Each structure stands twice: as C-alpha cells, then as structure tokens.
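One structure is given below, encoded as structure tokens.
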Amino acid sequence: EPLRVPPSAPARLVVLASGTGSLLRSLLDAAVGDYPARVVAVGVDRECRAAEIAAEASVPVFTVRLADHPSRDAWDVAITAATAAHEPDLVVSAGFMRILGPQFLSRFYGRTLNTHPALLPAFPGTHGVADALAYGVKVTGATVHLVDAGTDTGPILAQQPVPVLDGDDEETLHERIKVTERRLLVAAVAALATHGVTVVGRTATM
Amino acid sequence: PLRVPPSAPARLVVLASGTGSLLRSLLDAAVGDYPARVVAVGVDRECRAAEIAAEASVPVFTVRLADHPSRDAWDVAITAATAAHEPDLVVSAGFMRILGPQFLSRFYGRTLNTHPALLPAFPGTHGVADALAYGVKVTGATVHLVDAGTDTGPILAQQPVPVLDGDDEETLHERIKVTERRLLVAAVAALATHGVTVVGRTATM
Ligand SMILES: CN1c2c(O)nc(N)nc2NC[C@H]1CNc1ccc(C(=O)N[C@@H](CCC(=O)O)C(=O)O)cc1
Ligand SMILES: [Cl-]
Ligand SMILES: [Cl-]
Ligand SMILES: [Mg+2]
C-alpha cells in the first residue's frame, strides 16, 4: 500500500549534479538559519561548475565516474554507496545527467527529487520550454517531483503555473520559468523535511 | 526497457578502420550549436580515417588486433582505450571489427553504426553488392545501435535511396554514402539531445 517517508527536520541533504550548479546555488542560499535542512555533500560524475560552487561553500564533493566502473549496473552500485555514506534524508538531482538505477532507487525512492520547467505530464524531455512555446499554450509552469524509474515520471510534489507572454522567446520564457522553479524546489525541500510525504498510487501528499 | 539519458553537449569517440568519410562529416558538423564534440578517434590499423582525425587535431588511439594475445584481450584493451576518453557516445564509422562482449558490457546503448542498406535487408559488410545482386529498386541507409556480434540493435533512423538501371557497386555505394552522412550527423545530434528509449526492438529519441 502507501509509502510513508517520515519528517526529517533538520534534514541532511545531498545534491547530485553534473552541470551549472544554479539550482545548487539556490539551495545553498536558502539553507541558513531556521531552514530545516543543510547541504551535507554534493555528488558529481565529472568536473563541473556545480563541484566548484560546492567546494567554495565548504561542502564535501564526492565523484563517481561511469568510466571508473565496469558497466552501468556497477556504476549504479557505486553511486548508491557513495551517496549512502552521507546518510541523506533527501537527495536533489540538480542538473544530474545519469539515470539513477534500480539500486539507487531501491535505497532512496521517496527521498529523491527533481525539478522540471513545464507542468508535467505535459512537455517532458529536454526541450520542455521550447516545446510549450511551439505548441502555443498560454500557461506552462514548473514541477517538483519524486524521481522514479522513468525520467520525468515520478509522483508530483508541487507545481506552480507561469504565463506565456505574446512574443516570448525560449530564453525569456525559460528565465521566467526558472524564477518559479527555484522557489518551488526550495519550498518543496523544506516541506518534505518538515512533514515528510505519503504516496498512494501516484499521488504524493506532504 | 533500455533508457539512455540525454548527454548534450556530448563527448563522441568515433571508431574507424578505412576511408574516414563518415568521420569527416562528423568532424565538420560537430561545432557550435551541434550538441556534441568529437573527443577522440580509435582505429585498429593505420588508415585515412586516422590521418583525417590528426588533420583536425583530434587525439587518435590505435588498438591493433595483432598486438594482443587473443581476440578477448584486444576487446578488453579497446574498451579501456575508449573508456579513457570518457565518451557519451561511440560511433562506429567504417570500423571493421566486431565489437566484443567486454566493449558492449560497457557501451551497449551508447554505441551506434551506419549501415548502407535498410535493415533487416542486406546486413553484413557487402550490403551494397548484395542489394545490387538481389535487384531491389529501393535500398537505403540505417543508423542503428550496435549489439552482440552479428545482431542488429534497435534502429534509430533510416532513409531510402533508389537503385537506378545500370548502377554498379560503386555508383550505388556513392549515392548511399551521401544519405549515410546526413543521416548519421542527424542521428548523433538527436541521440545527444534526447537520449533514447527502447520498447521491444523499437527505439525512440
Ligand atoms: C532527474 N532525472 C532522472 C529521473 O527522472 N529518473 C531517474 N531514474 N534518474 C534520473 N537522473 C537524472 C534525470 C534524468 N536524466 C537526464 C539527463 C540529462 C538531462 C539534460 O541534460 N537536461 C538539460 C535540460 C532539459 C531538462 O530540463 O531536463 C540540461 O539542462 O542539462 C535531463 C535528464
Ligand atoms: Cl499563469
Ligand atoms: Cl527511393
Ligand atoms: Mg530536468
């Protein structure tokens, strides 16, 4: 039946990343004072700006490279162990570019989240903003959701709409979506720490 | 259900054994907004593909079959020589050896090839001579994922090419390479941008 993830405040948070680190930056700025989590480590699979931002904020960085393990299954086993060594309560995938495998999700399903710049299940994939623009919707949005076995498929945690303006291009639309995407992620992490989450079918309530 | 994630901007290693014409189409395309870069070329022999790779200042590694004690040993060594460049995609571009189970155990799902016939018709190394001898009126090119030995992995992209009266092997092969070059460059970009999902034998990007 249901999956219950208990409250965890003050939460130990692990961010997984491969890219720019801007969501990472958004989470480091917010996790101060009474914010009910702290970033305890950043995991990357390659040298990247996110690793740099993490080190500059005195956050431990662990690296697990696909090229150092004999296959995808063994990499899944190793990322899982390197992440567990930090005992997180929550894992944010923030620009991470590897699919999290069966072993990782066996351990961290319910506690792992991702953000997407459309109102899932509309516009999944890497071109969510450009697609929403080509499709001619007037309303798009940002989604935070639990990571499951598929990509963009997990139980939804929080959503907020964002208008498409006349004459918007991709860039101007994307930046508008990113403003909301950042707040939504920050609020979702706090809420999961404070209240935990229950999942019935595919529906996630705090 | 095989799922390979997007990798743009992707690190490409191209493996080659011959002319380097497919390779050159990739080198020329893979700049700017193209969602990938060629980071290394691997060859199992001296060939024009390796020379073309040095002209564009791309590192070349060479793993010759004769330099190892067994087909198995060669397979381990080429896999390691490739993994060293941390590729996101491995493109087989006139590469003349079966890629072994060790290579596929690391790279299956991320390895692709262009074949000058419309698979499953005319597989193997003489797909063009075979298509001609059979007397088909429509042949083509197929970009597909590479799998175990002779087997054809999920088809990524295909495009047809007419056989014309009086064609010989050469003119027909030249017509198909024109389509191969475009199709490969388009498929690498799509694979890099979108990744791939496989249901049954069917691949979607
Ligand atoms: C979060 N998501 C995910 C998932 O949903 N489920 C599993 N099991 N594992 C994972 N791991 C990470 C991710 C799936 N893979 C990827 C990998 C790469 C991209 C990608 O490069 N996206 C582009 C922008 C497009 C986007 O918003 O996805 C980028 O900003 O980098 C997008 C998704
Ligand atoms: Cl709105
Ligand atoms: Cl035709
Ligand atoms: Mg995303």
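Going by the structure tokens order, chains are called A, B, ..., each with residues numbered from 1, while ligands are numbered from 1 in the order shown.
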Next on the checklist: Based on the backbone DSSP call, show me all residues of segment 39-176 of chain B assigned strand (DSSP E or B), as a PyMOL selection string.
Outcome noted: chain B and resi 39-43+60-62+89-92+111-115+138-146+152-162
Generate the output file for the selected residues, N, CA and C atoms, as an mmCIF file, in the first residue's frame.
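Result saved to part_5.cif:
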data_model
loop_
_atom_site.group_PDB
_atom_site.id
_atom_site.type_symbol
_atom_site.label_atom_id
_atom_site.label_comp_id
_atom_site.auth_asym_id
_atom_site.auth_seq_id
_atom_site.Cartn_x
_atom_site.Cartn_y
_atom_site.Cartn_z
ATOM 1 N N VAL B 39 35.858 13.855 -29.421
ATOM 2 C CA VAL B 39 36.978 14.000 -28.488
ATOM 3 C C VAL B 39 38.138 13.039 -28.795
ATOM 4 N N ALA B 40 37.871 11.922 -29.464
ATOM 5 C CA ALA B 40 38.964 11.015 -29.833
ATOM 6 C C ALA B 40 38.495 10.164 -30.996
ATOM 7 N N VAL B 41 39.432 9.650 -31.784
ATOM 8 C CA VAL B 41 39.170 8.646 -32.785
ATOM 9 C C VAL B 41 39.965 7.406 -32.401
ATOM 10 N N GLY B 42 39.316 6.237 -32.356
ATOM 11 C CA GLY B 42 40.020 4.965 -32.213
ATOM 12 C C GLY B 42 40.046 4.169 -33.515
ATOM 13 N N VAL B 43 41.200 3.571 -33.810
ATOM 14 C CA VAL B 43 41.364 2.782 -35.027
ATOM 15 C C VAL B 43 42.043 1.488 -34.643
ATOM 16 N N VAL B 60 44.100 10.548 -31.550
ATOM 17 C CA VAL B 60 43.890 9.210 -32.084
ATOM 18 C C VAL B 60 44.510 8.190 -31.173
ATOM 19 N N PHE B 61 43.757 7.170 -30.769
ATOM 20 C CA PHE B 61 44.365 5.959 -30.168
ATOM 21 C C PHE B 61 44.282 4.766 -31.142
ATOM 22 N N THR B 62 45.260 3.853 -31.101
ATOM 23 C CA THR B 62 45.312 2.719 -32.032
ATOM 24 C C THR B 62 45.362 1.451 -31.208
ATOM 25 N N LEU B 89 28.969 8.905 -26.344
ATOM 26 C CA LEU B 89 28.506 8.114 -27.481
ATOM 27 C C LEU B 89 29.711 7.551 -28.240
ATOM 28 N N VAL B 90 29.587 6.315 -28.695
ATOM 29 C CA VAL B 90 30.654 5.712 -29.524
ATOM 30 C C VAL B 90 30.037 5.465 -30.875
ATOM 31 N N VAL B 91 30.593 6.130 -31.910
ATOM 32 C CA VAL B 91 30.159 5.992 -33.295
ATOM 33 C C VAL B 91 31.098 5.137 -34.085
ATOM 34 N N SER B 92 30.541 4.048 -34.579
ATOM 35 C CA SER B 92 31.266 3.151 -35.470
ATOM 36 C C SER B 92 31.172 3.693 -36.924
ATOM 37 N N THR B 111 26.411 2.968 -28.236
ATOM 38 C CA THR B 111 27.196 2.685 -29.444
ATOM 39 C C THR B 111 26.274 2.561 -30.644
ATOM 40 N N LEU B 112 26.654 3.198 -31.762
ATOM 41 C CA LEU B 112 25.794 3.273 -32.930
ATOM 42 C C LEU B 112 26.632 3.136 -34.175
ATOM 43 N N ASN B 113 26.000 2.778 -35.273
ATOM 44 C CA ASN B 113 26.676 2.486 -36.527
ATOM 45 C C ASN B 113 25.735 2.934 -37.623
ATOM 46 N N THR B 114 26.266 3.270 -38.774
ATOM 47 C CA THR B 114 25.508 3.498 -40.000
ATOM 48 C C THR B 114 25.826 2.376 -41.010
ATOM 49 N N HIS B 115 24.774 1.796 -41.584
ATOM 50 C CA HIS B 115 24.897 0.636 -42.450
ATOM 51 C C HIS B 115 24.207 0.992 -43.763
ATOM 52 N N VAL B 138 14.757 -0.170 -54.372
ATOM 53 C CA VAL B 138 14.888 0.765 -53.250
ATOM 54 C C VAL B 138 15.829 0.153 -52.234
ATOM 55 N N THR B 139 16.957 0.803 -51.973
ATOM 56 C CA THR B 139 17.759 0.409 -50.845
ATOM 57 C C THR B 139 17.769 1.602 -49.869
ATOM 58 N N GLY B 140 18.806 1.775 -49.043
ATOM 59 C CA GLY B 140 18.876 2.932 -48.161
ATOM 60 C C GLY B 140 20.013 2.855 -47.160
ATOM 61 N N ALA B 141 19.922 3.661 -46.103
ATOM 62 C CA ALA B 141 20.912 3.638 -45.042
ATOM 63 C C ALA B 141 20.165 3.528 -43.735
ATOM 64 N N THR B 142 20.819 2.905 -42.748
ATOM 65 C CA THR B 142 20.235 2.684 -41.431
ATOM 66 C C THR B 142 21.234 3.069 -40.401
ATOM 67 N N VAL B 143 20.829 3.965 -39.495
ATOM 68 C CA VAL B 143 21.590 4.193 -38.260
ATOM 69 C C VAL B 143 20.963 3.301 -37.157
ATOM 70 N N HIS B 144 21.773 2.454 -36.549
ATOM 71 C CA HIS B 144 21.271 1.556 -35.521
ATOM 72 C C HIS B 144 22.194 1.450 -34.340
ATOM 73 N N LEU B 145 21.659 1.064 -33.196
ATOM 74 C CA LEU B 145 22.539 0.805 -32.043
ATOM 75 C C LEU B 145 23.313 -0.453 -32.307
ATOM 76 N N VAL B 146 24.538 -0.564 -31.797
ATOM 77 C CA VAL B 146 25.347 -1.772 -32.054
ATOM 78 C C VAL B 146 25.052 -2.795 -30.953
ATOM 79 N N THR B 152 21.448 -7.158 -35.117
ATOM 80 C CA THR B 152 21.249 -5.739 -35.412
ATOM 81 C C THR B 152 20.478 -5.175 -34.220
ATOM 82 N N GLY B 153 21.030 -4.130 -33.610
ATOM 83 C CA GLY B 153 20.383 -3.484 -32.462
ATOM 84 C C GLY B 153 19.268 -2.582 -32.920
ATOM 85 N N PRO B 154 18.560 -1.982 -31.940
ATOM 86 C CA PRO B 154 17.445 -1.125 -32.271
ATOM 87 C C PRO B 154 17.798 -0.084 -33.348
ATOM 88 N N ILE B 155 16.918 0.045 -34.336
ATOM 89 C CA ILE B 155 17.105 1.007 -35.402
ATOM 90 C C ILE B 155 16.760 2.381 -34.878
ATOM 91 N N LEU B 156 17.687 3.303 -35.064
ATOM 92 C CA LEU B 156 17.477 4.703 -34.700
ATOM 93 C C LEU B 156 16.875 5.545 -35.813
ATOM 94 N N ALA B 157 17.422 5.415 -37.032
ATOM 95 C CA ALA B 157 16.969 6.248 -38.177
ATOM 96 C C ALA B 157 17.199 5.506 -39.463
ATOM 97 N N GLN B 158 16.357 5.770 -40.456
ATOM 98 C CA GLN B 158 16.519 5.143 -41.783
ATOM 99 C C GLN B 158 16.053 6.114 -42.846
ATOM 100 N N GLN B 159 16.579 5.954 -44.041
ATOM 101 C CA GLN B 159 16.169 6.827 -45.123
ATOM 102 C C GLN B 159 16.380 6.073 -46.422
ATOM 103 N N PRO B 160 15.413 6.124 -47.361
ATOM 104 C CA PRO B 160 15.605 5.229 -48.547
ATOM 105 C C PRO B 160 16.472 5.902 -49.621
ATOM 106 N N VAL B 161 16.987 5.087 -50.545
ATOM 107 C CA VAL B 161 17.826 5.513 -51.636
ATOM 108 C C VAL B 161 17.494 4.621 -52.884
ATOM 109 N N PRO B 162 17.145 5.239 -54.003
ATOM 110 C CA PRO B 162 16.811 4.430 -55.190
ATOM 111 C C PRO B 162 17.992 3.699 -55.802
#
Item to check | Contact set, chain A to chain B: 8 Å, only C-alpha atoms, as an MDAnalysis selection string | outcome: chainID A and resid 66:67 70:72 97:99 125:126
Checklist entry - Would you name the residues within 9 Å of ligand 2, counting only C-alpha atoms and all ligand atoms, and put them as a ChimeraX atom specification? => result /A:138-141,160-164
Item to check | 10 Å shell around ligand 1 using only C-alpha atoms and all ligand atoms, listed as a PyMOL selection string | outcome: (chain A and resi 16-20+92-102+104-105+109+112-118+123-129+145-154) or (chain B and resi 3-10+192-195)
Checklist outcome for this item: One decimal place gives the atom CA of residue 35 of chain B-atom CA of residue 196 of chain B separation as 14.9 Å
Item to check | Selection: 7 Å around residue 19 of chain B, only C-alpha atoms, excl. self and same-chain fewer than 6 positions, as an MDAnalysis selection string | outcome: chainID B and resid 47:49
How would the residues just picked look written out with N, CA, C and O atoms as a compact mmCIF listing (two decimals), in the first residue's frame?
# COMPACT_ATOMS: atom_id res chain seq x y z
N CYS B 47 45.11 4.03 -41.27
CA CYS B 47 44.10 4.28 -42.32
C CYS B 47 43.89 5.79 -42.46
O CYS B 47 44.30 6.55 -41.60
N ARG B 48 43.24 6.17 -43.56
CA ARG B 48 42.90 7.54 -43.89
C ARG B 48 42.06 8.19 -42.78
O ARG B 48 42.34 9.32 -42.40
N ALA B 49 41.12 7.44 -42.18
CA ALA B 49 40.36 7.92 -41.02
C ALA B 49 41.26 8.45 -39.89
O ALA B 49 41.02 9.56 -39.41
Excluding residue 75 of chain B and residues on its chain fewer than 6 positions from it, collect all residues at most 10 Å away from it, counting only C-alpha atoms, and give them as a compact mmCIF listing (two decimals) with N, CA and C atoms, in the first residue's frame.
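The resulting file, around.txt, is reproduced below:
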# COMPACT_ATOMS: atom_id res chain seq x y z
N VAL B 63 44.41 0.53 -31.38
CA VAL B 63 44.49 -0.79 -30.73
C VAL B 63 44.47 -1.92 -31.80
N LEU B 65 44.67 -5.54 -33.52
CA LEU B 65 44.41 -6.94 -33.12
C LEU B 65 45.69 -7.76 -32.96
N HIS B 68 47.84 -8.00 -29.51
CA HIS B 68 47.29 -8.64 -28.30
C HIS B 68 47.33 -10.15 -28.47
N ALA B 81 40.81 1.64 -23.77
CA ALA B 81 41.36 2.77 -24.53
C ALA B 81 40.23 3.81 -24.84
N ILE B 98 34.17 -6.73 -35.32
CA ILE B 98 33.07 -6.98 -34.39
C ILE B 98 33.53 -6.46 -33.05
N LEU B 99 32.70 -5.61 -32.44
CA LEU B 99 32.97 -5.13 -31.05
C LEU B 99 32.46 -6.20 -30.07
N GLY B 100 33.35 -6.58 -29.14
CA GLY B 100 33.20 -7.81 -28.38
C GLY B 100 32.29 -7.67 -27.17
N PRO B 101 32.03 -8.76 -26.44
CA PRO B 101 31.13 -8.59 -25.25
C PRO B 101 31.68 -7.63 -24.16
N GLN B 102 33.01 -7.48 -24.03
CA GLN B 102 33.53 -6.56 -22.98
C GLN B 102 33.24 -5.13 -23.35
N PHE B 103 33.50 -4.78 -24.62
CA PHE B 103 33.15 -3.47 -25.13
C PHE B 103 31.65 -3.22 -24.95
N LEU B 104 30.81 -4.17 -25.37
CA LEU B 104 29.35 -3.97 -25.25
C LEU B 104 28.84 -3.91 -23.80
Item to check | d(atom CA of residue 184 of chain A, atom CA of residue 158 of chain A) in Å | outcome: 6.9 Å
Checklist outcome for this item: Here atom CA of residue 54 of chain A and atom CA of residue 85 of chain A stand apart by 17.6 Å
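When only C-alpha atoms and all ligand atoms are used to measure the gap to ligand 4, the shortest distance among A:198, A:159, A:172, A:143 belongs to A:143.
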Could you please write out, as a PDB file with N, CA, C and O atoms, in the first residue's frame, every residue of segment 20-61 of chain A that DSSP assigns to alpha helix (DSSP H)?
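Result written to states-v7.pdb:
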ATOM      1  N   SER A  22      23.280  25.953 -10.696  1.00  0.00           N
ATOM      2  CA  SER A  22      22.461  27.107 -10.252  1.00  0.00           C
ATOM      3  C   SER A  22      21.346  26.701  -9.306  1.00  0.00           C
ATOM      4  O   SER A  22      21.168  27.344  -8.306  1.00  0.00           O
ATOM      5  N   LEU A  23      20.665  25.586  -9.545  1.00  0.00           N
ATOM      6  CA  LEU A  23      19.801  25.084  -8.503  1.00  0.00           C
ATOM      7  C   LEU A  23      20.558  24.832  -7.158  1.00  0.00           C
ATOM      8  O   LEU A  23      20.088  25.285  -6.090  1.00  0.00           O
ATOM      9  N   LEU A  24      21.703  24.126  -7.222  1.00  0.00           N
ATOM     10  CA  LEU A  24      22.616  24.015  -6.073  1.00  0.00           C
ATOM     11  C   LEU A  24      22.831  25.373  -5.346  1.00  0.00           C
ATOM     12  O   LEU A  24      22.707  25.446  -4.127  1.00  0.00           O
ATOM     13  N   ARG A  25      23.134  26.435  -6.092  1.00  0.00           N
ATOM     14  CA  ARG A  25      23.335  27.750  -5.500  1.00  0.00           C
ATOM     15  C   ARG A  25      22.064  28.186  -4.827  1.00  0.00           C
ATOM     16  O   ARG A  25      22.107  28.666  -3.696  1.00  0.00           O
ATOM     17  N   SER A  26      20.927  27.993  -5.497  1.00  0.00           N
ATOM     18  CA  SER A  26      19.648  28.374  -4.899  1.00  0.00           C
ATOM     19  C   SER A  26      19.437  27.656  -3.571  1.00  0.00           C
ATOM     20  O   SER A  26      18.965  28.287  -2.638  1.00  0.00           O
ATOM     21  N   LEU A  27      19.772  26.357  -3.489  1.00  0.00           N
ATOM     22  CA  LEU A  27      19.626  25.639  -2.217  1.00  0.00           C
ATOM     23  C   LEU A  27      20.645  26.065  -1.127  1.00  0.00           C
ATOM     24  O   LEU A  27      20.268  26.110   0.064  1.00  0.00           O
ATOM     25  N   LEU A  28      21.893  26.372  -1.508  1.00  0.00           N
ATOM     26  CA  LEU A  28      22.843  26.867  -0.509  1.00  0.00           C
ATOM     27  C   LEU A  28      22.441  28.234   0.055  1.00  0.00           C
ATOM     28  O   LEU A  28      22.695  28.489   1.223  1.00  0.00           O
ATOM     29  N   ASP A  29      21.846  29.115  -0.768  1.00  0.00           N
ATOM     30  CA  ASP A  29      21.433  30.421  -0.263  1.00  0.00           C
ATOM     31  C   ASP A  29      20.269  30.257   0.729  1.00  0.00           C
ATOM     32  O   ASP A  29      20.150  31.015   1.696  1.00  0.00           O
ATOM     33  N   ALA A  30      19.425  29.264   0.507  1.00  0.00           N
ATOM     34  CA  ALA A  30      18.241  29.146   1.330  1.00  0.00           C
ATOM     35  C   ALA A  30      18.492  28.390   2.609  1.00  0.00           C
ATOM     36  O   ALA A  30      17.849  28.685   3.642  1.00  0.00           O
ATOM     37  N   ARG A  49      30.924  23.001 -12.934  1.00  0.00           N
ATOM     38  CA  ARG A  49      30.763  24.218 -12.179  1.00  0.00           C
ATOM     39  C   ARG A  49      30.088  23.895 -10.816  1.00  0.00           C
ATOM     40  O   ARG A  49      30.466  24.447  -9.779  1.00  0.00           O
ATOM     41  N   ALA A  50      29.128  22.967 -10.795  1.00  0.00           N
ATOM     42  CA  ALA A  50      28.475  22.605  -9.528  1.00  0.00           C
ATOM     43  C   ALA A  50      29.488  22.151  -8.452  1.00  0.00           C
ATOM     44  O   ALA A  50      29.272  22.453  -7.260  1.00  0.00           O
ATOM     45  N   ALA A  51      30.540  21.410  -8.874  1.00  0.00           N
ATOM     46  CA  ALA A  51      31.578  20.889  -7.959  1.00  0.00           C
ATOM     47  C   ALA A  51      32.361  22.046  -7.390  1.00  0.00           C
ATOM     48  O   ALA A  51      32.704  22.055  -6.194  1.00  0.00           O
ATOM     49  N   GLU A  52      32.592  23.045  -8.242  1.00  0.00           N
ATOM     50  CA  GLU A  52      33.307  24.245  -7.823  1.00  0.00           C
ATOM     51  C   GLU A  52      32.529  25.041  -6.823  1.00  0.00           C
ATOM     52  O   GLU A  52      33.103  25.431  -5.830  1.00  0.00           O
ATOM     53  N   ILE A  53      31.237  25.273  -7.081  1.00  0.00           N
ATOM     54  CA  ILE A  53      30.394  26.055  -6.188  1.00  0.00           C
ATOM     55  C   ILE A  53      30.344  25.336  -4.816  1.00  0.00           C
ATOM     56  O   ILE A  53      30.516  25.992  -3.765  1.00  0.00           O
ATOM     57  N   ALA A  54      30.090  24.013  -4.836  1.00  0.00           N
ATOM     58  CA  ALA A  54      30.108  23.193  -3.631  1.00  0.00           C
ATOM     59  C   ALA A  54      31.403  23.392  -2.848  1.00  0.00           C
ATOM     60  O   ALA A  54      31.342  23.679  -1.669  1.00  0.00           O
ATOM     61  N   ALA A  55      32.555  23.281  -3.497  1.00  0.00           N
ATOM     62  CA  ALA A  55      33.833  23.370  -2.744  1.00  0.00           C
ATOM     63  C   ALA A  55      33.988  24.772  -2.147  1.00  0.00           C
ATOM     64  O   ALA A  55      34.379  24.904  -0.992  1.00  0.00           O
ATOM     65  N   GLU A  56      33.592  25.799  -2.910  1.00  0.00           N
ATOM     66  CA  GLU A  56      33.717  27.160  -2.432  1.00  0.00           C
ATOM     67  C   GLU A  56      32.811  27.403  -1.214  1.00  0.00           C
ATOM     68  O   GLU A  56      33.155  28.229  -0.386  1.00  0.00           O
TER      69      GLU A  56
END
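Neighbours of residue 203 of chain A closer than or equal to 7 Å, with only C-alpha atoms counted and sequence neighbours fewer than 4 positions away skipped, come out as residues 155, 156 and 199 of chain A.
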Using N, CA and C atoms, can you write the selected residues to a file as an mmCIF file, in the first residue's frame?
data_model
loop_
_atom_site.group_PDB
_atom_site.id
_atom_site.type_symbol
_atom_site.label_atom_id
_atom_site.label_comp_id
_atom_site.auth_asym_id
_atom_site.auth_seq_id
_atom_site.Cartn_x
_atom_site.Cartn_y
_atom_site.Cartn_z
ATOM 1 N N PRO A 155 5.981 10.582 -8.924
ATOM 2 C CA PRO A 155 4.889 11.279 -8.217
ATOM 3 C C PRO A 155 5.181 12.757 -8.005
ATOM 4 N N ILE A 156 4.228 13.609 -8.350
ATOM 5 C CA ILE A 156 4.381 15.037 -8.252
ATOM 6 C C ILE A 156 4.197 15.561 -6.827
ATOM 7 N N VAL A 199 2.760 8.463 -0.276
ATOM 8 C CA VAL A 199 2.412 8.195 -1.674
ATOM 9 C C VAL A 199 1.422 7.029 -1.828
#
